[PDB]
Amino acid sequence: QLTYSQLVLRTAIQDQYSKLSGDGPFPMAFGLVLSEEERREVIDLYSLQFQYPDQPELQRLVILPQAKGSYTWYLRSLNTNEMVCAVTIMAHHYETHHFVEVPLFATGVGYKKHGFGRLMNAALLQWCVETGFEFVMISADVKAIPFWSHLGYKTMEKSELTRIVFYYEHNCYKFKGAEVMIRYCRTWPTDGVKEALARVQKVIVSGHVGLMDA
Ligand SMILES: CC(=O)SCCNC(=O)CCNC(=O)[C@H](O)C(C)(C)COP(=O)(O)OP(=O)(O)OC[C@H]1O[C@@H](n2cnc3c(N)ncnc32)[C@H](O)[C@@H]1OP(=O)(O)O
C-alpha cells in the first residue's frame, strides 16, 4: 500500500466520441505538474480511469516535484484547457543504476486511440535520454501488458531484474501479479518523438515538443 498496489480499472461506460472531431488544428502543450491546480487536474483525469489507485492513493502518487524523485507531466488541449494524457514517474539513482519507473499513465475520455499515449511515451523516453537515465521500467498488470508491449517495452530478463531486486522490492511501485517490463534508453530512436507527433492527426504542439524539469 506504500510500495504495493493493484490495478482496478473503472467499468462505467465512457463516451468514446472523438474530442478532435472538429476541423482546423488542435493546439496542445506539454507541462509538468508544479501547482496544486495542475495536480488536481491530473488526479481528476486519472480518477476517471482507475478505481484503484483510489482517490487517496492518487493524491499520494501525484505530487509536486522535489534528476530525482516524483514527476507528473501532462498534455493539455489549449482550445478546451482539458487534460488529454498524463504520466507519473519516479526517478531512481541507486548505486550505478539510474532508472525510471512509471506508476500511472492515462489518456482521457474522448482522446483514446488517437496516438496520444505513444506521443506521451515518446516524450518521456526522450526526456530519460536527455537526463542521465539508462532504462524505463514498468510494473504491468496483465491488463496493461498489451499496451506497454505495443509501446515497445519487453519483459525484463530475470538476470537484469535480480541485479536490482532488493532495491526494487523495497522502493518501486509494484502492481499485484504484475510482469516487470523495460526499455533501455540507448535503444530509443532520436526521431521517436517526431514520428509519434506525425501520427497524431490534427494536433500541433506549442512550446517545447517534449518534457521539461521546471
Ligand atoms: C496503472 C496504469 O497506469 S496502467 C497503464 C495504462 N493505463 C490504463 O490502463 C488507464 C486506462 N487506459 C488508458 O488511459 C488508455 O487506454 C491507454 C493509456 C492504455 C492507451 O492510451 P492511448 O492514447 O489510447 O494509446 P495510443 O492511441 O497512443 O496507442 C499506443 C499503442 O498502444 C496500442 N493500444 C492502444 N490502446 C490499447 C489497449 N486498450 N490495449 C492494448 N493496446 C492498446 C495502440 O494500438 C498503439 O500500438 P500500435 O502503435 O502498435 O498501434
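Placed above this text is the structure.
What counts as what
Residues carry numbers counted from 1 along their chain as the sequence is written. These may differ from the entry numbering, and residues without coordinates are not shown. Processing note: side-chain calculations cover all non-hydrogen atoms of the structure and skip hydrogens and water entirely. Residues with missing side-chain atoms are left out of burial classes, side-chain pairs and their counts. Side-chain atoms within 4.5 Å are what join buried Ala, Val, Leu, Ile, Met, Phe, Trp, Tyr and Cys residues into a set we call a nonpolar core. Relative accessibility decides the category of a residue: with a 1.4 Å probe and only protein chains considered, values under 20% of the type maximum give buried, values over 50% give exposed, and everything between is partly exposed. Only DSSP runs of H or I with at least four residues qualify as helices, and only runs of E with at least two residues qualify as strands; both kinds are numbered from the N terminus onward. Two residues qualify as a contact provided that any one of their heavy atoms is within 4.5 Å of a heavy atom in the partner residue. Side-chain rings of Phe, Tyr and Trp, where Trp is taken by its six-membered ring, are said to pair if the distance between their centres is within 6.5 Å; with planes under 30 degrees apart they count as stacked, over 60 as edge-to-face, and otherwise as tilted. In this scheme, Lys NZ or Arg CZ marks a charge over a ring once it lies within 6 Å of the ring centre and within 35 degrees of the ring normal. Proximity criterion: a residue is near a molecule or strand once any of its heavy atoms comes within 4 Å of it. We call two N or O atoms a polar contact when they sit within 3.5 Å, provided that within protein one can donate a hydrogen and the other can accept it, with sequence-adjacent residues counted only if both atoms are side-chain atoms.

Draft legend 1. Here's a closer look at the nonpolar core. Ranked by internal contacts, the top residues of the largest apolar core, which has 43 residues, are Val102, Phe116, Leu124 and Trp148. For this core, the secondary structure elements donating two or more residues are β3 (26-32), β5 (69-77), β6 (83-94), β7 (97-107), α3 (116-130), β8 (135-140), α7 (192-198) and β12 (203-205). Looking at this core element by element, the count peaks at nine residues for α3. Contacts of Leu124, omitting those with residues within four sequence positions, involve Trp73, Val87, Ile89, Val102 and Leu211. In terms of nonpolar packing, the next biggest core, distinct from the first, is built from 17 residues, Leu7, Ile43, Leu58 and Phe175 among them.

Draft legend 2. The packing of aromatic side chains, seen in detail. On inspection of all chains with the given rule, the structure shows 15 aromatic pairs. Every member of this aromatic cluster is reached through a ring pair, and the members are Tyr94, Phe99, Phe135, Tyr167 and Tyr184. The positively charged end of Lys174 is found above the aromatic ring belonging to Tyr168, 5.6 Å away from the centroid. A cation sits over an aromatic face here: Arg186 above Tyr184, 4.6 Å from the ring centre.

Draft legend 3. Molecular detail of the environment of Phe175. Here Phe175 is to be found in strand β10 (residues 174-175). Considering only alpha carbons, one finds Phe175 and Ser139, 36 residues apart in sequence, at a separation of 6.0 Å.

Draft legend 4. Structural view of the site of the ligand. Surrounding the ligand, one finds 23 residues, the nearest of these being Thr107, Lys113, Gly117, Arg118 and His150. Here an oxygen atom of the ligand and a backbone polar atom of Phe116 are 3.4 Å apart. In the model, an oxygen atom of the ligand is placed 2.9 Å from a nitrogen or oxygen of the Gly117 main chain. Put simply, the parts of the chain that give the shell around the ligand at least two residues each are β7, α3 and α4 (145-150). For the shell around the ligand, the element with the highest residue contribution is β7, accounting for five residues.

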